[PDB]
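One chain comes next, on its own, written out as structure tokens in the form deposited without the named molecule.
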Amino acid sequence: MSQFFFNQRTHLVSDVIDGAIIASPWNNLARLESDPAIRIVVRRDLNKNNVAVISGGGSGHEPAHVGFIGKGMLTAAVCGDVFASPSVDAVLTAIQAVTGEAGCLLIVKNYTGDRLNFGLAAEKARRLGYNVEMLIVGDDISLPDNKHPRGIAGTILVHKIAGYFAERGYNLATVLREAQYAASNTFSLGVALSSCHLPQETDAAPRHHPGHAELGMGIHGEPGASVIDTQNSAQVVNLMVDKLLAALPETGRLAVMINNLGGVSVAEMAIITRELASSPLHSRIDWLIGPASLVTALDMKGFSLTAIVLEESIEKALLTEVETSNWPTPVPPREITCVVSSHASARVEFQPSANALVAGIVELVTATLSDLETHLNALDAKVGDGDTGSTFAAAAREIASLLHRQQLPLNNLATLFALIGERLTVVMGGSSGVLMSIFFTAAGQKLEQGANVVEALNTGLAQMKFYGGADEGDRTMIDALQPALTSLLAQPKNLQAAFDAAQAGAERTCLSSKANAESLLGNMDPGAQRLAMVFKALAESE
């Protein structure tokens, strides 16, 4: 039932911590020696002269909170087990470990377990002479009737402000004051299509509503505030924006954080970002934080939108650089500029011209392929889609038509090939059309460089092989074409030899035919056969 990458369940959180450290951009993180049941990460920049800002809580919201430890933000983070509050002992240990006379501010997300455990910790700390303050963050607005708003993504915006002042030597009282001020100006709303996968065997797959979306699903998977009858990005985001606007002051600039709860695709997150930029909330946004996975719920497929009012010191504090593994640098929503380029008409130019010889070839090649439609479909039907005959016929007739309408530059092969190369893909769908267009386009160009027909045709083959990836023996027209083009390269005028070569190659494709679970002529590749018949026709006209 467990769909989770992990090793020993009991070492889960510890392993996450090791990984976070191993990838530390600043290499400013360090575990704190302690009993295995205490999981504290602290910064190596320990400057007890400044006020310590400690945070934490149950794990499963990485990069929170370890990812926000460092200069300008969190001093330490107390990590509980997955979605489980840290022990009182653990919290105390962190306080004593990084708190100097300046004191420390505990930033706690609104959840009983954390409030009670960090709380008893603060109390035990105070008895030991430490100066402690606690700020409970409850930024969720999904449940108006809730006495205790849950603390979610916005919490880190609180870390940011608290960190600003703490690093700059302001006193505990000031840190708390400002931190509380930020909290009071932070509003978040989340939505999810499905809950998260837990690192354990469960009773039922993650909660999910088909075609719908649960507004307000908690970061621990808690029941949300409602269910939206659609997953449409615009509808979902605008609904969220309305509720955000109803909670925000009617005026003032805003910073908005687009947080990925863990399971939304980057593509989706981009679309969400676009919706937000087009929402009624748009004209008041001066900064975007994300889209990014900042405060997650394991792999929960949902996202959250956090709006913080930019009053007073808030904005100054948000924009200050810090040194953490995951703080994202705020960015003003950029406008979508549209660049214009100077592109020459791809369309190949030409002037109809006669040449009885060439016309005779074009007519012959053209007819042979056209006549083979049903036979080539039959061969293709064996394993393919039974349409190769029609695809090839489509191209033949297109060039035949142009021929019959005296529209071909028959007197100039280079331009003629270039013209066919341009027209085939338009009438021939699928890889066949593209490959043939590649063939003639490259051939037409080799001729433009003044090469003889056979040389150009071989270059066409060479290019068809490079892009197509096929080789002699893979059962495609190549198996008959190459032999023929090689035959002609030695005997430029011996059409009988060319045909014979192509014919042998086509025959080889009947052997290596896997699909066959007597004469085996029904296992012949249509491409090769078509090719062999073309040369056969050419050889019989000489």
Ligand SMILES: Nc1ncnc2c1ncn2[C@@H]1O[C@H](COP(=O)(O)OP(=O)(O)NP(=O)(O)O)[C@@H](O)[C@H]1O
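Numbers for residues come from their place in the sequence shown, where the first is 1.
The form deposited with the named molecule bound is left out here; the points below concern that form.
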Notebook entry, point to check: Counting only non-hydrogen atoms and a 4.5 angstroms cut-off, does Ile478 reach the named molecule in the bound PDB entry?
Noted result: yes
Check: Quick one: is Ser195 in contact with the named molecule in the bound PDB entry, heavy atoms, 4.5 Å cut-off?
Finding: no
Next item on the list: Check whether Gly103 has any heavy atom within 4.5 Å of a heavy atom of the named molecule in the bound PDB entry, and answer yes or no.
Entry: no
Item checked: Proximity of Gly430 to the named molecule in the bound PDB entry, heavy atoms at 4.5 Å -> yes
Item checked: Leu435, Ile272, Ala213, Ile95 - the one with a heavy atom within 4.5 Å of the named molecule in the bound PDB entry -> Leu435
Check: If you check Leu419, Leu244, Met464, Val256 against the named molecule in the bound PDB entry, which one has a heavy atom within 4.5 Å?
Finding: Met464
Item checked: Interface segment, criterion being heavy atoms within 4.5 Å of the named molecule in the bound PDB entry, picked from 378-386, 121-129, 331-339, 282-290 -> 378-386
